[PDB]
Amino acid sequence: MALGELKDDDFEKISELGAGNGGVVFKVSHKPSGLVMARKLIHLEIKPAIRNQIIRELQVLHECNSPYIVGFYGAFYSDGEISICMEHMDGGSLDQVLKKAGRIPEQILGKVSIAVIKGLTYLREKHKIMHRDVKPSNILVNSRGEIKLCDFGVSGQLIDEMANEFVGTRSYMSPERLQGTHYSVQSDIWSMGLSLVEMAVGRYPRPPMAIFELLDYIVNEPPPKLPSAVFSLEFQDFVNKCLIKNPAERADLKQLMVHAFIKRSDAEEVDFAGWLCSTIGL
């Protein structure tokens, strides 16, 4: 195989890229091959049987080949930590982008939407993987203006081991999934919807309120909306279609791929690489 034997000593740290909900991310050098990578270290306390079942499940990522999906190099265990090794995105994520930008403009978000719709389609049609955690920190970008999905639930055991340590981004869960309902394809679309609204307006799109209240609000109250004067009705409509509370009525990826917002967006000439670089100092 291309790399075959990944181990801690090969890798040399260039920078920490930061920490999330159970992992820390480094920009590495892979000394032997000359590859620049992102290496996510997820600390767990697990049997060596389950630690090897996770690593074997992860190897399915070798098969994920898409310009809309962050590329995988390998997965290994060393000194208390599972390593996921992946293509390095020099734009970081949209959540980082949003913190620097304040608000991400609708035209860039039409381009975000397309890549996401296409990433999710690929994962589902090729590999039968739902993402399970769509949110701006898991949408990555680079100086070539590429936009890619990371952190999707490839390994059912890493899912399992992840869940029964941490609660996660319950703020991103669909009403149905908060009511207990098992994960659905229709849940990734809800979260795509909410992600776009949040990047559009510059902040998590619900009234502020203690966490437990939020969860009941989501199931009980109606879904978020864009403000109607400062966004196109195309973008408005697109967003509302992803955020129907009934999963039977929510739009699917197919229907979303042909929406007027997307048709419009695709034909636009947006220099997102240029924007990103003036924006974040690349």
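When you see a residue number, it is the position in the sequence shown, counting from 1.
**Student:** Which has higher Cα B-factors on average according to the PDB entry: 157-165 or 91-99?
**Tutor:** According to the PDB entry, the answer is 157-165.
**Student:** When the Cα temperature factors in the entry are averaged, is it 170-178 or 127-135 that ends up higher?
**Tutor:** The entry gives the higher C-alpha B-factor average to 170-178.
**Student:** Looking at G193, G80, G110, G71, which has the highest Cα B-factor in the entry?
**Tutor:** Result of the comparison over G193, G80, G110, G71: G80.
**Student:** Considering only modelled residues of the same chain, in which third does the CA B-factor of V25 rank: lowest, middle or highest?
**Tutor:** Within its chain, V25 is a highest-third residue by C-alpha B-factor, going by the deposited values.
**Student:** Please say which third, lowest, middle or highest, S184 falls into when its CA temperature factor is compared across its chain.
**Tutor:** Highest third.
**Student:** How does the C-alpha B factor of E45 compare with the rest of the chain: lowest, middle or highest third?
**Tutor:** Ranked within chain, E45 CA B lands in the highest tercile.
**Student:** Going by the recorded CA B-factors, say which third of the chain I262 sits in, lowest, middle or highest.
**Tutor:** According to the entry, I262 has a C-alpha B-factor in the chain's lowest third.
**Student:** If you rank every modelled residue in this chain by C-alpha B factor, which third holds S33: lowest, middle or highest?
**Tutor:** Tercile = middle for this residue's CA B-factor.
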